[PDB]
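The block underneath contains the structure these notes are about, expressed in structure tokens.
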Amino acid sequence: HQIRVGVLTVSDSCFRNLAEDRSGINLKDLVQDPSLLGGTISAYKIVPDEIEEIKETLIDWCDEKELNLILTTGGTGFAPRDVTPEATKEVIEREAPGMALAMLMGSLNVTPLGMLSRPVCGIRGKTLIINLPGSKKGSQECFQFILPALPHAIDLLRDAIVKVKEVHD
Amino acid sequence: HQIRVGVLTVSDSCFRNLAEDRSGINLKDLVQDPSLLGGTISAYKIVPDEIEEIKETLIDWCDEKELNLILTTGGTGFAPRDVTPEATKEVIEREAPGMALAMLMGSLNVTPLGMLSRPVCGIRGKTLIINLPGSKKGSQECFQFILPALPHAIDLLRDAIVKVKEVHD
Amino acid sequence: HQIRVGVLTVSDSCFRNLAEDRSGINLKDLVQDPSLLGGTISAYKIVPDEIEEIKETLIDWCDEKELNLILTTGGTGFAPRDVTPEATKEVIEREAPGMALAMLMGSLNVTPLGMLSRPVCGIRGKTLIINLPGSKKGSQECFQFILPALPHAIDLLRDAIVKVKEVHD
């Protein structure tokens, strides 16, 4: 009963080494902390703002690595290339509106610019996928908004099956 | 101008008689109460957690029975088989985000585990479909969150048409 | 860096001249006010509650007129013909859940009948589309709920591309 987590950084800037990935490095620090989630980093990667490459990575981590949780950081704003939510929508099987709601209310409680965030939260197989903002402060804060329900959420999904495996079987 | 309501219990446990359907029996008691909705139970059924059987029942109650309201209870959590929201999404014509929002905020106001609920609310023909949690306390509480707008909501849908009937006509 | 706005009134009543379009005329007054958004009205039109005519108008204003913002007023309730949200869903490329959430919470803060509103907010090319209620008071109030994030939202979309133009190019 260990928690295998994947952190996926979506950003043309970090991908082209124009900037340091402080958000993703910090999330990896937050996910492994015993006082928080106490999980283990089982995957990490920086991809550009391309829906097809985000979708492929997500499917791989869910169907092949069978991670329990994937936190994506970046690509959830209004800027033209921000398509993380759209890629997430094409890969999830079941939507988790309550988690997206939790993070959005928390944000709008902080600033009206909170309505410029477009996160999607969903489930695929035994994996929960959470769209976090690209900034270090925001992804850390949003992660805290949902952290209380993550342990129970993950445990509920532990015995789910990877569809492509059932359909073939 | 009577309110014909259907209560649909989705749960492998109750379907296999492993447990008593306290939530669905209680909702039928809440829906018929004159101080609450004062409706009439026009349909009731216990089905398993199978998206196809939920979808078929829903379509039948809307297109053939033309119920004014359908309250489903169960199958809206994170457990692998909980697919009530997904079945509901495949049958509704128009979504009612405000009602799902109302119930979710009410839940998160009670507990952070409220973000583990994934209800969908929508409209098909003259029928409003509400996804309620499987527990007796939760489905009763969520029902109360929306009850104030149900009378007006139902009246607005009374003169809607059953599409399969217009398309054939 | 000017803000070219379109106001689209959806309503069989106004279309058949059965009623004055106070909501749309007033929104045009709110959008052009220097103390508010200070934009310019670049398009305006009254259409009936027909999903196909709403979709066509929306696509035209986004792909051909390349407006920065479109505020639709009307057709977001439970009445059988209210299909503005459905037409909006068929034309947006990216959804903006936070804005719809902002307006809904603001409404439910005013009245429980706020859960009878079904607005959708989304992005297509460099255009943001906001579904506002048909009443003058509501569309004015909802507009105020989101106004704080509109300037930043619009600026972020200024350099987006009109897909049909890239795909052909």
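For the subset of segment A:56-108 comprising residues that are of a type in the set (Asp, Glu) and closer than 25 Å to residue B:76 by Cβ, which member is farthest from the other protein chains (Cβ to nearest Cβ)?
Within segment A:56-108, the first condition is being of a type in the set (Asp, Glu), and the residues that meet it are A:56, A:60, A:63-64, A:66, A:82, A:86, A:90, A:93, A:95.
Of the ones still in play, those that are also closer than 25 Å to residue B:76 by Cβ are A:63, A:66, A:86, A:90, A:93, A:95.
Details: A:63: 15, A:66: 13, A:86: 6, A:90: 13, A:93: 8, A:95: 6 Å.
Step by step, filter segment A:56-108, then rank; the result is A:63.
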Q.
Return the residues of segment A:111-154 that are surrounded by 22 or more Cβ atoms within 10 Å (Cβ to Cβ), within 14 Å of chain C (Cβ to nearest Cβ) and among the hydroxyl-bearing types (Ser, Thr, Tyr); say none if nothing qualifies.
A. A:117
Q.
I need a count of the residues in segment B:126-149 that are within 19 Å of residue B:92 (Cα to Cα) and without any contact (Cβ under 8 Å) to a residue 12 or more places away in the chain.
A. 0
Q.
Anything in segment A:129-151 that is among the aliphatic types (A, V, I, L, M) and under 13 Å from the mean Cα position of the chain (by Cα)? List them, or say none.
A. A:129, A:130, A:132, A:146, A:147, A:150
Q.
Being in contact (Cβ under 8 Å) with a residue 60 or more places away in the chain and either of a type in the set (A, V, I, L, M, F, W, C) or over 21 Å from residue B:143 (Cα atoms) (or both) is the filter here; which residues of segment B:15-29 pass it?
A. B:27
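Per-residue answers, yes or no, for (1) within 27 Å of residue C:90 (Cα to Cα); (2) touching a strand residue (DSSP E or B) at 6+ places or on another chain (Cβ under 8 Å):
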residue	(1), (2)
B:3	no, yes
B:27	no, yes
B:38	no, no
B:44	no, yes
B:55	yes, no
B:60	yes, no
B:78	no, yes
B:81	no, no
B:93	yes, yes
Q: Considering (1) surrounded by fewer than 22 Cβ atoms within 10 Å (Cβ to Cβ); (2) farther than 26 Å from residue B:152 by Cβ; (3) touching a residue at least 12 places away in the same chain (Cβ under 8 Å), say which one residue B:94 fails and leave the rest.
A: (2)
Q. How many residues does segment C:66-91 hold that are farther than 24 Å from residue C:12 by Cα and buried (at least 19 other Cβ atoms within 10 Å of the Cβ)?
A. 2
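Return the only residue of A:10, A:47 being of a type outside the set (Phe, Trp, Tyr) and within 17 Å of residue A:122 (Cβ to Cβ).
Numbers: A:47 fails: within 17 Å of residue A:122 (Cβ to Cβ).
The match here is A:10.
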Q | Residue that is closer than 20 Å to residue C:82 by Cβ and not charged (D, E, K, R), where the choices are C:140, C:144 | A | C:140
Q. Which one is surrounded by the fewest Cβ atoms within 10 Å (Cβ to Cβ), of the residues in segment B:7-25 that are out of contact with any helix residue (DSSP H, G or I) (no Cβ under 7 Å at 6 or more places or on another chain) and among the polar types (S, T, N, Q)?
A. B:17
Q: Return the pairs, sorted by first residue and then second, in which the second residue is small (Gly, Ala, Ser) and outside any helix (DSSP H, G or I), the first residue lies in segment B:53-65 and is within 10 Å of residue B:8 (Cβ to Cβ), the beta carbons are less than 8 Å apart, and the residues are 6+ apart or on different chains.
A: B:54/B:75; B:61/B:6; B:61/B:43
Q) Which residue pairs have Cβ atoms under 6 Å apart, sit 6 or more places apart or on different chains, and have a first residue in segment B:155-169 that is within 11 Å of another protein chain (Cβ to nearest Cβ) and closer than 16 Å to residue B:61 by Cβ and a second that is among the polar types (S, T, N, Q) and surrounded by fewer than 14 Cβ atoms within 10 Å (Cβ to Cβ)? A) none
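Each value in this text was obtained by applying a stated rule to the coordinates, not by laboratory testing. Cβ coordinates were reconstructed from backbone atoms using ideal geometry, including for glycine residues, and neighbour counts include every protein chain displayed.
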